[PDB]
Each structure stands twice: as structure tokens, then as C-alpha cells.
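J.: sequence, then structure. It's an experimental one.
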Amino acid sequence: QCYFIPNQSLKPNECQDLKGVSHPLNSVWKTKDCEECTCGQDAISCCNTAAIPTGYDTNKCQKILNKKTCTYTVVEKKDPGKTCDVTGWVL
């Protein structure tokens, strides 16, 4: 559920992101994707922390991750203006 990113920094104590922003080593910060990224050395370990809903109608519903508030939502593929049904997310 996670994925490594090749750090673009020449600093062994700081990792550089795509936005050119650097973070202190062993530090865990969060981005727009409300993910958790830790600066190792030459590779940042990032992972998704957005709760994934389940139990919805796979034939009458879909999962769309909103980047506005960084949270999962489920709407009727037939009705994108309405919600579905979830029995409990997972992470």
C-alpha cells in the first residue's frame, strides 16, 4: 500500500520533494495526499493513510479520493451527486 520515491537531494540529513521542499531526516511529514513520508537518505518512504471504505455496491458505486480534504468518498456511479453505503473502512 506504500511506495518508495528516489530522493532528489544531495543532503544526507535532508530529503527533497517534487515541490523543492526539504524535511529533516527521520522526520515524518504529510503532503496534500495526507500520506506519510519519512526521509531516509536517498529514498523517501511514502504511504497512503486515507481510509478506504468498503461494503458499498461495486456494481452501483465507486470509490473516489478527494484531494480537497484528502478523504475517500463513495458515490453512485449512476448518481455522482449522491453517496453510497459503507460498512467500515480499512487502513
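T.: That came through, no problem. Residues are numbered from 1 along each chain as shown.

J.: pairing partners for the nearest residue to residue 4 once chain neighbours are set aside in the sheet, please.
T.: Distance criterion C-beta to C-beta, 6 or more residues apart in numbering; nearest residue to residue 4, sequence neighbours excluded, is residue 43 at 4.9 Å. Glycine gets a C-beta too; all of them are placed from N, C-alpha and C. On the basis of DSSP bridges, residue 43 is bridged to residue 6.

J.: list the buried ones in stretch 68-82?
T.: Residues of stretch 68-82 classed as buried by neighbour count (16 or more other C-beta atoms under 10 Å): 70, 74, 75, 76.

J.: please name the residues that touch the residue nearest to residue 33 when sequence neighbours are not counted.
T.: Computed as C-beta to C-beta, 6+ apart, the closest residue to residue 33 that is not its neighbour in sequence is residue 70, at 6.3 Å. Contacts for residue 70 (C-beta atoms under 8 Å, 6 or more residues apart in numbering) come out as 32, 33, 34, 50.
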